[PDB]
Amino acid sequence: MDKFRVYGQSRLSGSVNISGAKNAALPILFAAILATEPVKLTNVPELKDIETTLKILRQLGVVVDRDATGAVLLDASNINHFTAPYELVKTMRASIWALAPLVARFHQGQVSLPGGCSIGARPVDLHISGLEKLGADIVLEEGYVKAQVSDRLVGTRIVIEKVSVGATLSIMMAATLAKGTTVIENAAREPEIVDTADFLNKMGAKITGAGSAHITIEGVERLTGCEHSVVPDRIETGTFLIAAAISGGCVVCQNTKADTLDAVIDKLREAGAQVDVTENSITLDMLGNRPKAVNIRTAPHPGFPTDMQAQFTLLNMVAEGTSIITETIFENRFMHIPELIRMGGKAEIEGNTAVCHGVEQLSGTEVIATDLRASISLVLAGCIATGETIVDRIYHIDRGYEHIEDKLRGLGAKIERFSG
């Protein structure tokens, strides 16, 4: 079981290159099940979630591999299996995205129903419901969501009652091959949804409104292929900007997208940080100052992203003053708080809210990671805490961050991967 050994107080400063969004690459890879011609994806991060997706894709008949240039070449021209197996699905619930394109293109699909997840209740009722409105017959047999449709899907008006990133993407994917026009009202607006829509359009789709709560899709017979550069990862960017904010350092993020982090950037400024945004980079200079506590409320884009919640919890735990953190997306995503309390942090939880009291310094000790995106807060804490910190079960971190040790070391952090 790999662990991270991170050392005493450090000023995190320097340059770091931002990779493509994990959550844009993932849905794009599943959407690729629709491509009848070669696909070439660039700027795809190198982390476990991508590898798992490739394993699922390959067992469907898709030929896909990353070459020496780092680009992902994919050929889905001969899919001959239409099931995403339980053995793989259980490791990454996002694989539910395989159902939509499979049934839209091949009129049948099967995916293991995602079970429980630590961070909260995550049913996929909205995905099923949306596909059913497009004309799909779906049943649950032996733990598998089985979808079938006698003819091409049929576009129609669809109002998702809850703001859902996943459901918005499943429905949109399926809608690209449906007969007529589909309209997704109350659609999630996340930047990854915009990128997937742009990807599909480059292959012949006709999607407009992506980024808004009103999506319009004019179905087509089939999609071809394309080359696509994945949109910069706003969460990785936010995470590194936070690295400087919590250490009083100065960090420059390269290859960023200016407008996908407004909520995060505003909070960093509210906390006392100076941030400079150029078309392709973002620089945060904490001017060697301690952060000022700021309240946080997670919500769908463009509001504050839940994937940046833990990162900001850490910022608040070392800031000056008291703050209120409210999580409205996943009601049980505070696992990092008690791990941070072990390091000297001060906070109290009540429902979906946490009230933190900032402290001057954290102290190193052993802590456990459990959330692929949120747990990064523990590694960051190790970088600014006194003495030594041991972050166990970092395999979670490897699912949501590429070359995390190299990128952090590049900012002055003393971190080494070991086992035993």
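Note that residue numbering follows the sequence shown and begins at 1.
For the two regions 148-156 and 111-119, the entry's Cα B-factors average higher over 148-156. When the two stretches 303-311 and 279-287 are set side by side, the higher mean Cα temperature factor goes to 279-287.
The top Cα temperature factor in the record, among 22, 11, 396, 407, falls on 11. The entry assigns its greatest Cα B factor, within the set 236, 142, 195, 75, to 142. The PDB entry assigns residue 389 a C-alpha temperature factor belonging to the middle third of its chain's modelled residues. Placement of the Cα temperature factor of residue 190 within the chain: lowest third of the modelled residues, per the deposited record. In the PDB entry, a CA B factor belonging to the highest third of its chain's modelled residues is recorded for residue 359. Ranked against the other modelled residues of its chain, the C-alpha B-factor of residue 211 as given in the entry falls in the lowest third. Compared with the other modelled residues of the chain, the Cα B-factor recorded for residue 324 ranks in the highest third.
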